[PDB]
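# Commentary on secondary and tertiary structure
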Amino acid sequence: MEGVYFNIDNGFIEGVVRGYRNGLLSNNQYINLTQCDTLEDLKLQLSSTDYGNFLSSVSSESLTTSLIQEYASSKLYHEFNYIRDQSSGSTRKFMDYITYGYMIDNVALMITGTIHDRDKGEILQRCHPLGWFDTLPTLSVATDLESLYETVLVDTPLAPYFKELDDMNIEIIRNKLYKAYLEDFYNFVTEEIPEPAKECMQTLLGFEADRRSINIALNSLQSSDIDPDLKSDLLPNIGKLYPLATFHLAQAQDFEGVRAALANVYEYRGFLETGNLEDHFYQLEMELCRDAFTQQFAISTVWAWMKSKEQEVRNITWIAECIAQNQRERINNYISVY
Amino acid sequence: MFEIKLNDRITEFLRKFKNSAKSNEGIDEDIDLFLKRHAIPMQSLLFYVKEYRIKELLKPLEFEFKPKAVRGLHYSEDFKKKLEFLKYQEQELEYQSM
Amino acid sequence: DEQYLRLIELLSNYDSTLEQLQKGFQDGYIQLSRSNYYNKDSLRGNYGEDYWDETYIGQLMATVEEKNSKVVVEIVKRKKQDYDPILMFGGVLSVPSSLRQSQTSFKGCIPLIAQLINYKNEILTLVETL
Amino acid sequence: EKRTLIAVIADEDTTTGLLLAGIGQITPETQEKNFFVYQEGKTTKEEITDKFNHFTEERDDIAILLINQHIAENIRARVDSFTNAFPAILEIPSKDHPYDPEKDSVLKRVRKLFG
């Protein structure tokens, strides 16, 4: 049974992460924030939640929505790093993998800044704390393929995923990196994570890979140079769409074909039919995470917490935008399942 | 973005237009609302001037700008008290935690 | 003087433009904000600093005519660096569908910017004339 | 007329919007950084005035100087002192501070006419 051996290594971690989950803003707290009508009032109201005084260093006048988002995300990352510190063995590998996605994001950001004529010194101020690694500034030697895996990326944990350098090439490299990383992490979950967490993380990673696959399939229609072979190379092999719907998406070269491919899958049909697609993807993610919190002795609770807290940071930011911009007529467009 | 204040020239010209080419139902209603609103859209003023062409253009200009939104108007008194308590706690934090 | 009536009309064309400039930005910002939301596909999150490219030569160039006492300014395509700016944010696969709406609003603002500059200059010329 | 470039002193979000519009970070030739990213609560009047002078006096190719209106309201005195025709200044609305006609020089100047 899961709880028989889970609490040997992950008892404290799971308890603390469950406390963090208890700290997620409930719909009532989101409504109270929504009632706020200025950024300083939002800061006061947000001090009453588990966010506490995270904005104590910011004066009421210096407060801005970017600072709110940055500070909430810094709190989230400090909490995640704390949970990672207490982690060991398979749990530590699980959290390292969680950070691998942000490492890939940081690689892409650094190379995009490099082609964009921004020095690495200033770009490191933008890199996520989770994705930091030693050779991060050394990877972006130049705007050529000799960078990354050729010189420095071999020392990074992303090295196995690398098996010109224009903006389009940058995005293709990033999407290939996510594809390989998601496949590798699905494999690690299947081979090394206990059964409840195994299935929960398998479902969550299937949804993540499907979100990607769908987004790439839809966006590559916009006069992109990615041929269907490259698209097939960009779609992960782990999603709920794999292999039938993934193949249909890869070959489809029109919106109607993509919609037909999605209609094949029960879990996603209806997402592309109506409403904003990203809203549907976020709602599905939140429902999956809320389900993931019903399982007690599962390390998926960590992932479910991260993607939950991350969503929270968006919501608190979106409200902070609508309050800042006086766009109150859409202040309720956030997703909150708690 | 802004209307024209209903100065003496504005009031006199609106009264004349009420019994002039601008005596149309819609134009007359707009003029009456402006008199109630103490200002008229200046595009409507130009339209009335065209209709008359009468009165001179010189006048004591005063632009009625769109009122600034009042922040916190929809706050409930309970919400106001909650914000006041949180503000008091934040003010205390500066030295209680020192 | 009858010309004052024209001034009012001029001001009207200014006022409407301001409102058409009040929108576009107003919309262009909120969709831009809604693009920070939907940040999963973004490189880092908020669209802003760390996304810009100093190597980006402006796609838009403004020409000053100086053909009369009233200064007249126009904006056109600039005469590779001259690329569509949305690609700066990862425009082929990663930009949210709302960043495109934000770009549309901000582009729609530019002709209004040129118009507003022109009307401001004409109003100042008339003010100095009267 | 050689003036063919645009200069902006603005907030990060307004600058992002202008970049999305098509304005570039540097001039087509002899490119130099033409964007000053004003930050609320972290920039004194001196810096804003210095960059305004940089864009208005030097950089002869700058036809248009787009300024977020709150930045101008911070340094309204310097803008009022400024007087030229080759470079044209235009206040534009910001994310948190929409365009405010009560802080527009044209409104006051026209009101001074009394007609």
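Shown numbers run from 1 along every chain as its sequence is written, which may differ from how the entry numbers residues; residues without coordinates are omitted from display. As they are written, the chains are lettered A onward and the ligands numbered 1 onward, keeping that order. All values in this entry refer to the displayed chains, which constitute part of a larger assembly. With hydrogens and water excluded, all non-hydrogen atoms of the structure serve as input to the side-chain values. Residues with missing side-chain atoms are left out of burial classes, side-chain pairs and their counts.

- For this coordinate set, the PDB header names cryo-EM as the determination method and states a resolution of 3.1 Å.

### Comments concerning the overall build of chain C
- By the criteria applied, helices consist of DSSP H or I runs no shorter than four residues and strands consist of E runs no shorter than two, each listed in order from the N terminus. When helices and strands are counted, chain C shows two helices and two strands.
- Moving toward the C terminus, one meets the helices and strands of chain C in the order α-β-β-α.
- Radius of gyration here uses only the C-alpha atoms, and the compact-globule reference equals 2.2 Å multiplied by the residue count raised to the power 0.38. Over its C-alpha atoms chain C spans a radius of gyration of 19 Å, topping by over 25% the 14 Å that the globule rule assigns to 130 residues.
- Referenced to the eigenvectors of the C-alpha coordinate spread, the extents of chain C come out at roughly 60 × 30 × 20 Å.

### Some points on helix α1 (residues 3-36) of chain C
- Between its first and last C-alpha, α1 of chain C extends 49 Å over 34 residues, near the 50 Å set by a 1.5 Å rise per residue.
- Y38 of chain C, located one to two residues past α1 of chain C, shows a positive phi value of around 65°. Under the convention used throughout, the expected extent of a helix is 1.5 Å for every residue step, that is, one less than its residue count.

### As for the sheet that holds strand β3 (residues 63-65) of chain B
Residue and element names in this part refer to chain B.
- Strand order in the open sheet made by the three strands is β2-β1-β3, with antiparallel pairing throughout. Looking at strand neighbours, the two that pair on one side only are β2 (39-40) and β3, the edges of this open sheet.
- The pairing of strand β1 (residues 2-5) with β2 spans two bridges and is classified as antiparallel. Residue pairing for β2: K5 is matched across the bridge by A39. DSSP-based pairing: two strands are paired if at least 2 bridges between them are found.

### A few points about the interface of chain C and chain D
- Here, two residues are considered to be in contact whenever any of their heavy atoms come within 4.5 Å of each other. In this complex, chain C contributes 48 residues to the contact, which on the side of chain D involves 44 residues.
- Going through the elements one at a time, α1, β1 (60-64), β2 (73-77) and α2 (97-129) of chain C are the ones with two or more residues in the side of chain C that touches chain D.
- Considering only residue class, the side of chain C that touches chain D consists of 34 nonpolar, eight polar and six charged. Ten residues, namely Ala, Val, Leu, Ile, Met, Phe, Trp, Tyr, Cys and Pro, are considered nonpolar, four, namely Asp, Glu, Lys and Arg, are considered charged, and the remaining ones, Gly among them, are considered polar.

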